[PDB]
Amino acid sequence: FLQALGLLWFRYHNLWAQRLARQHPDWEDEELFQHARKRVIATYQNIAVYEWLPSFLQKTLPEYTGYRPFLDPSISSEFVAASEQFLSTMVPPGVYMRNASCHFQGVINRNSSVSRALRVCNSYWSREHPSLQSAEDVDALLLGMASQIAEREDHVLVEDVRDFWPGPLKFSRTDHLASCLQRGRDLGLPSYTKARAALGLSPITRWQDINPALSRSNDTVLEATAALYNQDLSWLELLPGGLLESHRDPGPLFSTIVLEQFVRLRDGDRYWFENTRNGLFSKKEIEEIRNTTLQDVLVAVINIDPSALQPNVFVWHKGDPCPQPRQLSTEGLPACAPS
Amino acid sequence: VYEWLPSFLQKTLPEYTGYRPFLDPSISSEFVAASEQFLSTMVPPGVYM
Amino acid sequence: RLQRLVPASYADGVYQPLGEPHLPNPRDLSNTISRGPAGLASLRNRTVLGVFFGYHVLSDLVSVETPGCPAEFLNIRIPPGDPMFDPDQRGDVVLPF
Amino acid sequence: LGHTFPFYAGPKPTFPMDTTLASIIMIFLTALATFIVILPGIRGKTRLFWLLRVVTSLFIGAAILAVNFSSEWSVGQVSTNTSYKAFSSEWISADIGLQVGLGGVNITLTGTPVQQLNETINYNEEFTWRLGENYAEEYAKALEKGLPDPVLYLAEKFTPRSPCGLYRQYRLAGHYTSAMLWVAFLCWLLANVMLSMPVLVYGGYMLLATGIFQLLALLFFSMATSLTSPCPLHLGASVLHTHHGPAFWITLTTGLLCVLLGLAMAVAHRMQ
Amino acid sequence: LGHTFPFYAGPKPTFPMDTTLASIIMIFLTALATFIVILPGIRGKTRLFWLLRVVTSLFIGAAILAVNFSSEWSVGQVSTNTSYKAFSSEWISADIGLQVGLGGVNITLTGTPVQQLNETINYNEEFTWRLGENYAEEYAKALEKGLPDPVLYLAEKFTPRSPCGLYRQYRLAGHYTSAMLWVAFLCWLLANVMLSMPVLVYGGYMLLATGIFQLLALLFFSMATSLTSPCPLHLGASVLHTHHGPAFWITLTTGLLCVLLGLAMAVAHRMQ
Amino acid sequence: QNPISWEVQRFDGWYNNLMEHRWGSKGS
Ligand SMILES: *[C@@H]1O[C@H](CO)[C@@H](O[C@@H]2O[C@H](CO)[C@@H](O[C@@H]3O[C@H](CO[C@H]4O[C@H](CO[C@H]5O[C@H](CO)[C@@H](O)[C@H](O)[C@@H]5O[C@H]5O[C@H](CO)[C@@H](O)[C@H](O)[C@@H]5O)[C@@H](O)[C@H](O[C@H]5O[C@H](CO)[C@@H](O)[C@H](O)[C@@H]5O)[C@@H]4O)[C@@H](O)[C@H](O[C@H]4O[C@H](CO)[C@@H](O)[C@H](O)[C@@H]4O[C@H]4O[C@H](CO)[C@@H](O)[C@H](O)[C@@H]4O[C@H]4O[C@H](CO)[C@@H](O)[C@H](O)[C@@H]4O)[C@@H]3O)[C@H](O)[C@H]2NC(C)=O)[C@H](O)[C@H]1NC(C)=O
Ligand SMILES: *[C@@H]1O[C@H](CO)[C@@H](O[C@@H]2O[C@H](CO)[C@@H](O[C@@H]3O[C@H](CO[C@H]4O[C@H](CO[C@H]5O[C@H](CO)[C@@H](O)[C@H](O)[C@@H]5O[C@H]5O[C@H](CO)[C@@H](O)[C@H](O)[C@@H]5O)[C@@H](O)[C@H](O[C@H]5O[C@H](CO)[C@@H](O)[C@H](O)[C@@H]5O)[C@@H]4O)[C@@H](O)[C@H](O[C@H]4O[C@H](CO)[C@@H](O)[C@H](O)[C@@H]4O[C@H]4O[C@H](CO)[C@@H](O)[C@H](O)[C@@H]4O[C@H]4O[C@H](CO)[C@@H](O)[C@H](O)[C@@H]4O)[C@@H]3O)[C@H](O)[C@H]2NC(C)=O)[C@H](O)[C@H]1NC(C)=O
Ligand SMILES: *[C@@H]1O[C@H](CO)[C@@H](O)[C@H](O)[C@H]1NC(C)=O
Ligand SMILES: *[C@@H]1O[C@H](CO)[C@@H](O)[C@H](O)[C@H]1NC(C)=O
Ligand SMILES: *[C@@H]1O[C@H](CO)[C@@H](O)[C@H](O)[C@H]1NC(C)=O
Ligand SMILES: *[C@@H]1O[C@H](CO)[C@@H](O)[C@H](O)[C@H]1NC(C)=O
Ligand SMILES: *[C@@H]1O[C@H](CO)[C@@H](O)[C@H](O)[C@H]1NC(C)=O
Ligand SMILES: *[C@@H]1O[C@H](CO)[C@@H](O)[C@H](O)[C@H]1NC(C)=O
Ligand SMILES: *[C@@H]1O[C@H](CO)[C@@H](O)[C@H](O)[C@H]1NC(C)=O
Ligand code: NA
């Protein structure tokens, strides 16, 4: 699926190179490659910052006011954990493969069985898959991911991530959340309270104030987590606190981290496509890039009618084309390969 | 910052909104010339006691 | 190097990570927090395509997965009787990290 | 055995002393052990005198080498409460010691107790001003490294540009004291070689020269380190005072022993 | 004369060639001049043969040394238009040359004309992968230094982590070729020494060994640089192709001359 | 209790910024 995204961007670059070759027949290889790379980078930045971020944070960057040469844009250590966790909390147990005519095809397993969707845990580092053989299969992957709803933005992880993540050493499987916790301890990440204080967030003094709606319900995860920490809120780590904070959105800590990191990335970059001083694009080219969404990239690469995809492929709404058959769970999918 | 600068620039700093850990505060090369010249243009021939 | 919002939190204040018994076992914390039923739809109807596009954006931005030199191991001690990694109650299973 | 990482999980050892001094001690103790093994092969009554001669010569050589390489000429040590590191307001109670040698200075910061603020405070840092080595570069690398505040303070106290001129005088003193100590070592080697030869009076003269050069190095170090303007080293609520360390006194004692033995040799030759 | 600063206002000179090659040439030309001065002292008819022997031996030694130290084994050169520096969209028309030797690579960027964009473009940078030297550190220092873009591109092409495996194969080839060239130099020295001695057949055998080791170094360089996966070096609108440089051909010619002379010596000894 | 309850500012400008220790320092 990450591979499908990479293939999408690779084919988009090739398509832009072909377009520029059509427009400028006299251009050589280097000129075509550089112009296509510039355009693709601009489109990627626009989609990532002005379309994906507002949809997956419910927060928008402030209006671009120019290039800040004195602003450090380096990725913060907290951003790694925040982004990784608020993405891992939404990984589905399976992924649909969808036709351009709103038809969800069956997925041929390596066990020769036909499943309703492609199981995530059994597709890690897949050298080859029987249902993934041609460009049409990758297009089906992209369409199905566009039509399928992700998992809930909560503390719960699917077993494909929590138990069957690719083990990098001596085990074919490992816990991705435990690995992320050990990464946060490895990077010397701050405590949850210190992280909140450094970002200007309001201090949290009680364990039930981490997520009021979570403590309202019958879920006992807050009390159990406090028991693990010996009721010491000052020892709660940034990553578990960000996991617990999330409710319908990344928590205030994680949302603040990601938003501030992306603000610094946009403002501190001299090659940002909106920075008119770098000479990358004219005003008209900047306006064209701003008008380009991921739906445009998918339509251009897959070469299908625009009505086959919703206008904002990052969010599915009632009335959008090709609804998913049902919310995927572990039921009906192949069992994950044992460690 | 809050008394000499407003009086000798007729410009005031924006309201202090906190510490910016990611902002480079190093003196720019242009600042040397700018400050030195707008101070040297006001040196009097003599000074009273 | 990566930036820091807060000064680094290490056991020795330089490079040694904070771990047990001061902090809970990573697998215990994972089991306590992340165990739950699959199939809970996103409350904003966010799509899977968006999730993996964000994964692509992260791969574009940061990468701290490849190990460093010299090889230092911060191994995850699996609690005895873990249903997934220690099903035989052997009590010495260790996930290498 | 495998299946676990790392294969060796034990803490890695740290050498318990200076490696140069340890090597000198090992070499000269090996020579002493060899000659002790050889001792029964010595002929007759001239064994205790032979033992004294051999042990004295080996001690003179070891003293020359160790003193020339010891950073223990000007020593000082004070127990204080001081700020420890950056981005931390906590203070540490520690012994801060200065050990200025011929080629540089060792700054020691030993916690009392060593385990303070969940950290091991047993720093022993060297900053060298030997010819060809840039002291300012070493101090800049220490600043980049992030050494604790007392160490950085005492290191910048010896920078070439520091207002108190410790660097210039101490570099000059150490350089010429080391040169004259090397001359004394050469004279000691020649003293052994020419005590092997039948002309004992020339060997006694060379031993006398060894003593004279030791005394000259001692006097030069004293005079060149005395010309310093008083640099007040203030840590916390205390002031650190330096004084002639045991390297200075070992130089004095060894030089006096060498000059006394040389004078005795010359007078005995004149009287016999 | 004073009263003005600086006392010398002239541009400072730059040495017009490689200092190692220049030193080798100077030393061997000095030896040649000394032996030419000595030539009238040679007895009789055995002067032209003596001259040929001396000049041939000196040429063999100079070839060994210069080739071992020349960064001219794999050479390439292309004229292109390329981006020059950062924060500047202007391009330069220049000859970019790659000169891979045994211990490293010299990247040359010569402007056409040299004076372009109000700058002198005559860069000749070396990046060394010799044992004990860190190529990645040198490339990082070049990046910090701010070298022009073609130089940085061709330098990163030889980094250990670059996707095209030029670094590994070229380091191995250069290391072992240099080792065998040093063996050939030792054999040449022994060939001279044992041609001084009455046993001429052994000296001829040593000369034959010199030739054999030169050929072995040549063959090893060829084989180890042939195992490279094709690294496409693309600058601007062109591709740079490397080929065996004049160091390779001088190695071949000198080794063939040495093996031919050794075979001639052995066959003449057998026939006389 | 120590009257100096804060981290004393350095005279050379080092360690003022958390990640850029040379910022504002002497010689920068
Ligand atoms: C005059 O002064 C002279 C100069 O000191 C003196 O000569 C010196 O003599 C001593 C012997 O008496 C020798 O120097 C010592 O050597 C020891 C061993 O050196 C090897 O190991 C170190 C350790 O490296 C590990 O850790 C670092 C991080 O700290 C990692 O980056 C490494 O990768 C490595 O990590 C692995 O191993 C760890 C082991 O537990 C694992 O935990 C980890 O997971 C990894 O597996 C290496 O760094 C050394 O390499 C360096 O040097 C070589 C050659 O120079 C370089 O090529 C290389 O690039 C490196 O630069 C080497 O391999 C050192 O351990 C010891 O260092 C301590 O002391 C010095 C001096 O005070 C400090 O600067 C240094 O930071 C260390 O102090 C800390 O640690 C000690 C205990 O470990 C504490 O007591 C101390 O308070 C301080 O603690 C603080 O930091 C800790 C983290 O670092 C933290 O945990 C604490 O809480 C606290 O904050 C020392 O250098 C050597 O012979 C001479 N030194 C030279 C030549 O430089 C001379 O005797 C003096 N004269 C007289 C008369 O006294
Ligand atoms: C394989 O490769 C090997 C490596 O190259 C090669 O071995 C090398 O051989 C050459 C001889 O053939 C030797 O290297 C050369 O040495 C020359 C002399 O070196 C001395 O002088 C330099 C100059 O320093 C002055 O300028 C700098 C700024 O540039 C100042 O920082 C200095 O303070 C000094 O300034 C004073 O003098 C100026 C003179 O006009 C005054 O104007 C000024 O006001 C001041 O009064 C010193 O830097 C040298 O010191 C360095 O090295 C020592 C020892 O290593 C260190 O201790 C020390 O710290 C320094 O690091 C030394 O004292 C060099 O001039 C020459 O450098 C040029 O070429 C190299 C390689 O391309 C470039 O990297 C370098 O930048 C220079 O290129 C610029 O300048 C030339 C002409 O000057 C241009 O043609 C060129 O295009 C480039 O111009 C660009 O920059 C200019 C500004 O720099 C700018 O004006 C232009 O417009 C343009 O932008 C070179 O290094 C030496 O023997 C070997 N090199 C080694 C060992 O490093 C080997 O032969 C090769 N093999 C084969 C087979 O070919
Ligand atoms: C897939 O879509 C195409 C047209 O988009 C349609 O012709 C085809 O029948 C569909 N596949 C199936 C299995 O119905
Ligand atoms: C961008 O889209 C808006 C409306 O969606 C349109 O008014 C505008 O002309 C477009 N600009 C470009 C450059 O395509
Ligand atoms: C979210 O998607 C489901 C189908 O998975 C649909 O029934 C529901 O109406 C959607 N909600 C919104 C607000 O679009
Ligand atoms: C250091 O502080 C402790 C406790 O605050 C005190 O007992 C001790 O006397 C202090 N030492 C110095 C040298 O000030
Ligand atoms: C720090 O030191 C205190 C007291 O010496 C000790 O109780 C604690 O376990 C140590 N470690 C941490 C992480 O606080
Ligand atoms: C470089 O540019 C000049 C002028 O633009 C042109 O004449 C020349 O052919 C170009 N060379 C290459 C190799 O493209
Ligand atoms: C730069 O080059 C141009 C043309 O070669 C020349 O006229 C000019 O004097 C040079 N110097 C500057 C500062 O422009
Ligand atoms: Na979830």
# chains A, B, ... in the order shown; residues from 1 in each chain; ligands from 1
>>> residues_near_ligand(ligand="ligand 3", cutoff="6 Å", atoms="only C-alpha atoms and all ligand atoms", output="PyMOL selection string")
chain A and resi 99-101
>>> write_last_selection(atoms="C-alpha atoms", output="PDB file, in the first residue's frame")
ATOM      1  CA  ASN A  99     -12.762  -1.610  -9.731  1.00  0.00           C
ATOM      2  CA  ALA A 100     -13.528   1.614 -11.584  1.00  0.00           C
ATOM      3  CA  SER A 101     -17.207   0.555 -11.747  1.00  0.00           C
TER       4      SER A 101
END
>>> calpha_fit_and_write(fixed="chain D", moving="chain E", output="tab-separated table (two decimals) with C-alpha atoms, in the first residue's frame")
chain	number	residue	atom	x	y	z
E	1	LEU	CA	26.48	-18.89	22.96
E	2	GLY	CA	24.14	-16.81	20.80
E	3	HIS	CA	20.40	-16.19	20.28
E	4	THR	CA	20.65	-13.01	22.41
E	5	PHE	CA	22.03	-9.53	21.83
E	6	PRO	CA	24.52	-8.42	22.75
E	7	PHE	CA	26.56	-11.61	23.20
E	8	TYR	CA	28.30	-9.80	26.08
E	9	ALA	CA	25.93	-7.70	28.20
E	10	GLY	CA	28.39	-6.72	30.94
E	11	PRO	CA	29.56	-3.14	31.49
E	12	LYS	CA	32.77	-2.39	29.64
E	13	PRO	CA	35.86	-1.88	31.83
E	14	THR	CA	37.75	1.38	32.24
E	15	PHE	CA	41.50	1.41	32.82
E	16	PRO	CA	42.04	2.27	36.51
E	17	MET	CA	44.89	4.79	36.06
E	18	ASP	CA	47.01	6.72	33.55
E	19	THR	CA	48.09	4.45	30.70
E	20	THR	CA	51.48	6.15	30.28
E	21	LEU	CA	52.35	5.88	33.98
E	22	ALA	CA	51.03	2.32	34.02
E	23	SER	CA	53.20	1.40	31.03
E	24	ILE	CA	56.29	2.96	32.64
E	25	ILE	CA	55.60	1.07	35.88
E	26	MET	CA	55.04	-2.21	34.02
E	27	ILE	CA	58.24	-1.88	31.96
E	28	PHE	CA	60.44	-0.99	34.92
E	29	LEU	CA	58.87	-3.65	37.17
E	30	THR	CA	59.49	-6.19	34.40
E	31	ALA	CA	63.14	-5.12	34.27
E	32	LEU	CA	63.32	-5.33	38.07
E	33	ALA	CA	61.80	-8.83	38.04
E	34	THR	CA	64.24	-9.96	35.34
E	35	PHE	CA	67.20	-8.68	37.34
E	36	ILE	CA	65.84	-10.25	40.55
E	37	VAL	CA	65.66	-13.58	38.70
E	38	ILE	CA	69.23	-12.94	37.52
E	39	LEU	CA	70.40	-12.03	41.06
E	40	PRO	CA	71.44	-15.58	42.15
E	41	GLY	CA	73.82	-15.63	39.18
E	42	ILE	CA	75.74	-12.68	40.65
E	43	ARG	CA	79.08	-13.79	42.05
E	44	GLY	CA	79.54	-13.03	45.73
E	45	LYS	CA	79.46	-10.21	48.26
E	46	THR	CA	78.76	-7.73	45.44
E	47	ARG	CA	75.07	-8.62	45.36
E	48	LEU	CA	73.49	-6.24	47.88
E	49	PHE	CA	75.59	-3.42	46.45
E	50	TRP	CA	74.70	-4.67	42.96
E	51	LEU	CA	71.03	-4.75	43.97
E	52	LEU	CA	71.22	-1.20	45.34
E	53	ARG	CA	72.95	0.07	42.20
E	54	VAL	CA	70.45	-1.59	39.85
E	55	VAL	CA	67.37	-0.57	41.84
E	56	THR	CA	68.61	3.01	42.23
E	57	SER	CA	69.34	3.36	38.51
E	58	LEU	CA	65.95	1.91	37.56
E	59	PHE	CA	64.22	4.20	40.06
E	60	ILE	CA	66.03	7.24	38.64
E	61	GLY	CA	64.98	6.36	35.10
E	62	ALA	CA	61.38	5.62	36.10
E	63	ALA	CA	61.22	8.87	38.06
E	64	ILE	CA	62.49	10.83	35.05
E	65	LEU	CA	59.96	9.26	32.68
E	66	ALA	CA	56.94	9.34	35.00
E	67	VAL	CA	57.59	12.91	36.16
E	68	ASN	CA	58.09	14.09	32.58
E	69	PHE	CA	54.77	12.47	31.62
E	70	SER	CA	52.83	13.10	34.85
E	71	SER	CA	50.30	15.93	34.80
E	72	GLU	CA	50.89	16.41	38.53
E	73	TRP	CA	53.26	19.39	38.76
E	74	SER	CA	50.87	22.09	40.02
E	75	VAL	CA	47.98	20.55	41.93
E	76	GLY	CA	44.92	21.93	43.67
E	77	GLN	CA	41.62	20.57	44.91
E	78	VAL	CA	38.52	22.14	46.47
E	79	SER	CA	35.17	20.73	47.63
E	80	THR	CA	32.27	22.97	46.54
E	81	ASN	CA	28.67	23.16	45.39
E	82	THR	CA	28.64	24.13	41.72
E	83	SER	CA	26.32	24.20	38.74
E	84	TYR	CA	26.75	20.96	36.81
E	85	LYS	CA	25.35	21.14	33.26
E	86	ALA	CA	23.35	23.34	30.91
E	87	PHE	CA	19.54	23.40	30.86
E	88	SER	CA	19.54	22.25	34.49
E	89	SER	CA	19.42	24.46	37.58
E	90	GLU	CA	20.47	21.65	39.93
E	91	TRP	CA	23.84	21.90	41.67
E	92	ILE	CA	26.30	19.17	42.63
E	93	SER	CA	28.57	18.83	45.65
E	94	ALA	CA	31.91	17.77	44.24
E	95	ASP	CA	35.68	17.91	44.52
E	96	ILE	CA	37.15	19.91	41.64
E	97	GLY	CA	40.87	19.36	41.12
E	98	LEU	CA	43.41	21.03	38.84
E	99	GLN	CA	46.53	19.07	37.84
E	100	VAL	CA	48.80	21.15	35.62
E	101	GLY	CA	51.62	19.18	34.03
E	102	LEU	CA	54.32	19.94	31.50
E	103	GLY	CA	52.25	19.24	28.39
E	104	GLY	CA	48.78	20.19	29.59
E	105	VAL	CA	46.31	20.18	32.45
E	106	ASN	CA	43.96	17.52	33.84
E	107	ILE	CA	40.73	18.86	35.34
E	108	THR	CA	38.98	16.42	37.67
E	109	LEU	CA	35.35	16.68	38.78
E	110	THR	CA	34.52	13.94	41.30
E	111	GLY	CA	31.05	13.95	42.81
E	112	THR	CA	30.53	13.64	46.56
E	113	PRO	CA	28.93	11.17	46.26
E	114	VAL	CA	29.91	10.15	42.72
E	115	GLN	CA	26.26	9.26	42.00
E	116	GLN	CA	24.45	12.61	41.97
E	117	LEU	CA	21.44	13.76	39.92
E	118	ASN	CA	21.16	10.19	38.57
E	119	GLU	CA	24.56	10.63	36.91
E	120	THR	CA	28.12	9.40	37.43
E	121	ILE	CA	30.35	12.40	38.13
E	122	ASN	CA	33.97	11.22	37.83
E	123	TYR	CA	35.28	13.44	35.04
E	124	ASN	CA	39.03	13.52	34.33
E	125	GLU	CA	39.60	15.71	31.26
E	126	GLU	CA	42.91	16.66	29.66
E	127	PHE	CA	43.65	19.85	27.73
E	128	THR	CA	47.10	19.87	26.13
E	129	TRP	CA	49.25	22.82	25.05
E	130	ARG	CA	52.13	20.77	23.65
E	131	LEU	CA	53.95	22.01	20.57
E	132	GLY	CA	51.88	21.34	17.46
E	133	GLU	CA	48.67	20.96	19.49
E	134	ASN	CA	46.08	23.75	19.53
E	135	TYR	CA	44.71	24.41	23.02
E	136	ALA	CA	41.94	26.65	21.68
E	137	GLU	CA	40.79	23.89	19.32
E	138	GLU	CA	40.67	21.42	22.21
E	139	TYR	CA	38.64	23.85	24.33
E	140	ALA	CA	36.25	24.43	21.43
E	141	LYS	CA	35.84	20.67	21.03
E	142	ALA	CA	35.16	20.42	24.77
E	143	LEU	CA	32.48	23.11	24.45
E	144	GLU	CA	30.91	21.23	21.54
E	145	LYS	CA	31.16	17.96	23.50
E	146	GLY	CA	29.20	19.45	26.40
E	147	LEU	CA	31.53	18.95	29.34
E	148	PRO	CA	30.24	19.93	32.81
E	149	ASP	CA	30.46	23.57	33.81
E	150	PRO	CA	33.40	23.39	36.30
E	151	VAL	CA	35.49	21.52	33.72
E	152	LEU	CA	34.72	24.10	31.03
E	153	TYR	CA	35.45	26.96	33.45
E	154	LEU	CA	38.86	25.61	34.47
E	155	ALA	CA	39.60	24.77	30.83
E	156	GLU	CA	38.85	28.28	29.58
E	157	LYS	CA	40.97	29.62	32.44
E	158	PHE	CA	43.96	28.17	30.54
E	159	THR	CA	42.98	29.36	27.06
E	160	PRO	CA	45.57	31.53	25.27
E	161	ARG	CA	43.13	34.47	25.18
E	162	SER	CA	41.98	34.29	28.81
E	163	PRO	CA	42.63	37.58	30.67
E	164	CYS	CA	44.75	35.83	33.30
E	165	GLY	CA	47.95	34.72	31.61
E	166	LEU	CA	48.16	31.14	32.87
E	167	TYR	CA	48.46	29.64	29.38
E	168	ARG	CA	51.60	31.47	28.26
E	169	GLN	CA	53.65	30.96	31.42
E	170	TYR	CA	52.53	27.37	31.97
E	171	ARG	CA	53.20	26.42	28.34
E	172	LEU	CA	56.70	27.92	28.47
E	173	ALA	CA	57.47	26.30	31.83
E	174	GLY	CA	56.20	22.88	30.79
E	175	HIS	CA	57.97	22.96	27.44
E	176	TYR	CA	61.40	23.80	28.80
E	177	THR	CA	61.01	21.64	31.92
E	178	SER	CA	60.16	18.68	29.67
E	179	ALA	CA	63.15	19.47	27.45
E	180	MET	CA	65.52	19.49	30.42
E	181	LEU	CA	63.92	16.33	31.83
E	182	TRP	CA	64.60	14.63	28.50
E	183	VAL	CA	68.19	15.86	28.72
E	184	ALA	CA	68.34	14.35	32.22
E	185	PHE	CA	67.00	11.05	30.86
E	186	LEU	CA	69.69	11.02	28.17
E	187	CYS	CA	72.32	11.74	30.82
E	188	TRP	CA	70.95	8.88	32.94
E	189	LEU	CA	71.21	6.49	29.99
E	190	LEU	CA	74.79	7.62	29.39
E	191	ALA	CA	75.51	7.26	33.11
E	192	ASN	CA	74.41	3.62	33.00
E	193	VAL	CA	76.38	2.98	29.80
E	194	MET	CA	79.57	4.54	31.18
E	195	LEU	CA	79.19	2.85	34.56
E	196	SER	CA	79.32	-0.32	32.48
E	197	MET	CA	82.64	0.97	31.09
E	198	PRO	CA	85.84	0.89	33.19
E	199	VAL	CA	85.97	4.70	33.52
E	200	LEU	CA	83.69	5.10	36.54
E	201	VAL	CA	84.55	8.76	37.14
E	202	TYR	CA	83.02	9.82	33.81
E	203	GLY	CA	79.86	7.86	34.63
E	204	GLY	CA	79.68	9.56	38.01
E	205	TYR	CA	80.03	12.90	36.23
E	206	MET	CA	77.14	11.95	33.94
E	207	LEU	CA	75.03	11.00	36.96
E	208	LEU	CA	75.91	14.38	38.47
E	209	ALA	CA	74.79	15.99	35.20
E	210	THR	CA	71.50	14.08	35.44
E	211	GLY	CA	70.97	15.53	38.91
E	212	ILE	CA	71.94	19.03	37.77
E	213	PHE	CA	69.51	18.90	34.85
E	214	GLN	CA	66.71	17.67	37.13
E	215	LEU	CA	67.39	20.61	39.46
E	216	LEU	CA	67.50	23.00	36.49
E	217	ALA	CA	64.13	21.76	35.21
E	218	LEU	CA	62.68	22.13	38.71
E	219	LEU	CA	64.03	25.67	39.07
E	220	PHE	CA	62.84	26.69	35.60
E	221	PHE	CA	59.34	25.40	36.31
E	222	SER	CA	59.27	27.30	39.61
E	223	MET	CA	60.54	30.56	38.10
E	224	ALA	CA	58.31	30.46	35.01
E	225	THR	CA	55.16	29.56	36.95
E	226	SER	CA	55.96	32.21	39.59
E	227	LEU	CA	55.92	35.04	37.02
E	228	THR	CA	52.16	34.54	36.56
E	229	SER	CA	49.84	37.35	37.51
E	230	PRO	CA	47.46	35.96	40.16
E	231	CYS	CA	44.60	34.18	38.41
E	232	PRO	CA	41.72	33.84	40.92
E	233	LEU	CA	39.95	30.53	40.25
E	234	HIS	CA	36.57	30.89	41.97
E	235	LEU	CA	34.12	27.98	41.90
E	236	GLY	CA	30.84	28.37	43.75
E	237	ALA	CA	31.66	29.97	47.10
E	238	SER	CA	35.34	28.97	47.13
E	239	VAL	CA	38.72	29.75	45.60
E	240	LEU	CA	41.10	27.09	44.27
E	241	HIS	CA	44.78	27.47	45.19
E	242	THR	CA	47.47	25.58	43.29
E	243	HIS	CA	50.72	24.34	44.80
E	244	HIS	CA	53.74	22.31	43.73
E	245	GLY	CA	52.42	18.78	43.34
E	246	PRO	CA	54.12	15.47	44.03
E	247	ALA	CA	55.75	15.55	40.59
E	248	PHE	CA	57.65	18.65	41.74
E	249	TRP	CA	58.75	16.98	44.97
E	250	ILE	CA	59.72	13.73	43.22
E	251	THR	CA	61.81	15.84	40.84
E	252	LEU	CA	63.46	17.55	43.81
E	253	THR	CA	64.16	14.31	45.69
E	254	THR	CA	65.41	12.42	42.62
E	255	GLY	CA	67.65	15.30	41.56
E	256	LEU	CA	69.06	15.63	45.07
E	257	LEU	CA	69.70	11.88	45.17
E	258	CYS	CA	71.45	12.00	41.78
E	259	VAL	CA	73.61	15.01	42.67
E	260	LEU	CA	74.48	13.46	46.04
E	261	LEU	CA	75.46	10.16	44.42
E	262	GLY	CA	77.52	11.97	41.78
E	263	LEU	CA	79.34	14.06	44.37
E	264	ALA	CA	79.95	10.92	46.44
E	265	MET	CA	81.33	9.12	43.38
E	266	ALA	CA	83.66	12.00	42.51
E	267	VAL	CA	84.88	12.44	46.10
E	268	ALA	CA	85.42	8.69	46.52
E	269	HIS	CA	87.39	8.59	43.26
E	270	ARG	CA	89.51	11.51	44.47
E	271	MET	CA	90.03	9.77	47.84
E	272	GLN	CA	90.57	6.34	46.26
>>> interface_residues(of="chain F", to="chain B", cutoff="12 Å", atoms="only C-alpha atoms", output="PyMOL selection string")
chain F and resi 13+15-28
>>> select_by_dssp(residues="segment 166-265 of chain E", states="strand (DSSP E or B)", output="number ranges by chain")
E: 233-235, 238-240, 243-244
>>> interface_residues(of="chain C", to="chain F", cutoff="8 Å", atoms="only C-alpha atoms", output="list in words")
residues 3, 4 and 7 of chain C
>>> residues_near_ligand(ligand="ligand 10", cutoff="7 Å", atoms="only C-alpha atoms and all ligand atoms", output="list in words")
residues 89, 90, 151, 152, 153, 154, 155, 156, 157 and 158 of chain A; 40 of chain C
>>> residues_around(residues="residue 35 of chain C", least_positions_apart="3", cutoff="12 Å", atoms="only C-alpha atoms", output="ChimeraX atom specification")
/A:89,154-163,175,177,219-221 /C:27-32,38,83
>>> residues_around(residues="segment 62-73 of chain C", least_positions_apart="6", cutoff="12 Å", atoms="only C-alpha atoms", output="PyMOL selection string")
(chain A and resi 74-81+83-84+167-169+176+179-180+182-184+186-187+261+265) or (chain C and resi 1-3+15-17+54-56+94-97) or (chain D and resi 4-9)
>>> residues_near_ligand(ligand="ligand 4", cutoff="12 Å", atoms="only C-alpha atoms and all ligand atoms", output="short mmCIF file (atom, residue, chain, number, x, y, z; two decimals) with C-alpha atoms, in the first residue's frame")
data_model
loop_
_atom_site.label_atom_id
_atom_site.label_comp_id
_atom_site.auth_asym_id
_atom_site.auth_seq_id
_atom_site.Cartn_x
_atom_site.Cartn_y
_atom_site.Cartn_z
CA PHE A 281 7.05 28.82 -10.60
CA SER A 282 5.11 31.82 -11.83
CA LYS A 283 1.92 33.01 -10.13
CA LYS A 284 -0.19 31.06 -12.63
CA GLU A 285 1.83 27.89 -12.06
CA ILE A 286 1.46 28.30 -8.29
CA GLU A 287 -2.31 28.69 -8.72
CA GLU A 288 -2.40 25.57 -10.90
CA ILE A 289 -0.47 23.59 -8.28
CA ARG A 290 -2.77 24.81 -5.51
CA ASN A 291 -5.74 23.59 -7.57
CA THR A 292 -4.22 20.09 -7.86
CA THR A 293 -5.53 17.49 -5.40
CA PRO A 311 -13.36 15.05 -4.67
#
